[PDB]
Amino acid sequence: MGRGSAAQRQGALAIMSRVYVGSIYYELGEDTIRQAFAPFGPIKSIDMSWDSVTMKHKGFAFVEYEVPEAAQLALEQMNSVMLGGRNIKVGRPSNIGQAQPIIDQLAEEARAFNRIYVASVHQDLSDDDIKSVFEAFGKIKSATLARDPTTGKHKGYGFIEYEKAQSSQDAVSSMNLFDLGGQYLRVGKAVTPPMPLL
């Protein structure tokens, strides 16, 4: 007797993985948005507004990520950033229709793990490389980069679980925006537990 059927949990995770993006300059398109939001995790898809009479978007779009943590970082780091001369606005989807309690439950369950999300991981870095660097903040239980199911090549992001909460807190504070391999890592605390639907 926990909270949220696997089906309810999956629906919440889906909503948690998308961010609303508004005030998009008329000349900007999907490719621009993608480039700007990709640093937080590879973009799964983008739903861009569109008007058939004017033949242009309506100034907003929904960017969907592969995991909730990417949307959380984009939310905290991309709001008010200037794109095409306008400060874009980023927010959570206004539609949640009763999903909020499940989302809250997931966030609560997440606190039971000292797990952090790391994005913008250079292609040449390996699991062991990431582990070594990050174990500088404390003992690590596991460090795993997400990988393409077909190629086996990592997708530029992963999760690291620490034995101690102090270690995870230190890592986030020190490694978010850390320049590694030419790009800047984006790092944040997990917003969901490791195997949410289990």
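For every residue, the number given is its place in the sequence shown, counted from 1. For clarity, a rigid core is taken as the largest C-alpha set superposing within 1.5 Å between two forms.
In terms of root mean square C-alpha deviation after superposing on the rigid core in 4 other deposited structures of this protein, the stretch standing farther out between 74-82 and 99-107 is 74-82.
Of the other compared PDB entries of this protein that include residues on both sides, all give residue 32 atoms, none of them, and so not a third, leaving it without. Residue 142, present in the displayed chain, carries coordinates in each of the other PDB entries compared that cover both sides of it, far from a third leaving it out. For the pair 102-110 and 88-96, the record assigns the higher mean C-alpha temperature factor to 88-96.
Taking the PDB entry as given, 79-87 carries the higher mean Cα B factor of the two stretches 112-120 and 79-87. Across 159, 40, 162, 26, the greatest Cα temperature factor reported in the deposited entry is at 26. Taking the PDB entry at face value, the top CA B factor among 36, 70, 46, 53 belongs to 53. The entry lists a Cα temperature factor for residue 173 that places it in the middle third of the chain's modelled residues. For residue 183, the recorded CA B-factor ranks within the highest third of the chain. Only modelled residues enter the ranking.
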